[PDB]
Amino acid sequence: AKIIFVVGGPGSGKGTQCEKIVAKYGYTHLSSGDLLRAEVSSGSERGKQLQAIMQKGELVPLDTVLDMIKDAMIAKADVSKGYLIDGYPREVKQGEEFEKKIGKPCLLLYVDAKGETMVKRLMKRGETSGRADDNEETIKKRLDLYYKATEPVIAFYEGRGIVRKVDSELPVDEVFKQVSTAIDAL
């Protein structure tokens, strides 16, 4: 099955574009954030540890997040023609370990937004939906971590040759036209 990495900053619009991909193409959307938050909601001790880390805007250990991604892929294996891996990899080692344990991506969709745009979108969502990490101090930490740890992921897959950038400053449906173009050309 096809594996597509979807990578971009906090609030760049990854999840929004992924849900549109699902509706149009039928791919299986796996969000590392959603999987982690599901563990938090379980009330487990691990969930309490994950909640602490995520509330501070920090990266969860590779071992945990890759386990959950693999778990989810296996659970959907019978019915998936392709996978959207949304929010993983966030560091080069995460990409490397995924390829070691699961397989290689055929495409990385780089959902590109401005830093100020991401701050605005997350501040707005925070005031609306009240997600714990959508507070101003944590947003700043998330964005800084994205720049430091995750942008080298883009470079890695540029070296691989599979990055297609989409301009997430555009309206959602206009971004999705760029997304659709990349997927159609697979």
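Residues carry their position along the shown sequence, with the first being 1.
When the Cα temperature factors in the entry are averaged, is it 150-158 or 120-128 that ends up higher?
Here the higher of the two C-alpha B-factor means belongs to 120-128.
Out of 28-36 and 132-140, which stretch has the higher average CA B-factor listed in the record?
Looking at the recorded C-alpha B-factors, 132-140 comes out higher on average.
Please pick out which of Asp78, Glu97, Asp86, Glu91 has the largest Cα B-factor as recorded in the entry.
That would be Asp78, according to the entry.
What third of its chain's C-alpha B-factors does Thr64 belong to: lowest, middle or highest?
It falls in the bottom third of the chain.
Split the chain's modelled residues into thirds by Cα B-factor; is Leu109 in the lowest, middle or highest one?
Tercile = lowest for this residue's CA B-factor.
State the tercile, meaning the lowest, middle or highest third, of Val7 with respect to the CA B-factors recorded for its chain.
Ranked within chain, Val7 CA B lands in the lowest tercile.
Compared with the other modelled residues in the chain, in which third is the CA B-factor of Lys56?
CA B-factor rank for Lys56: highest third.
Please place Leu170 in the lowest, middle or highest third of its chain by C-alpha B factor as given in the entry.
Highest third - that is where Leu170 ends up once the chain's C-alpha B-factors are sorted.
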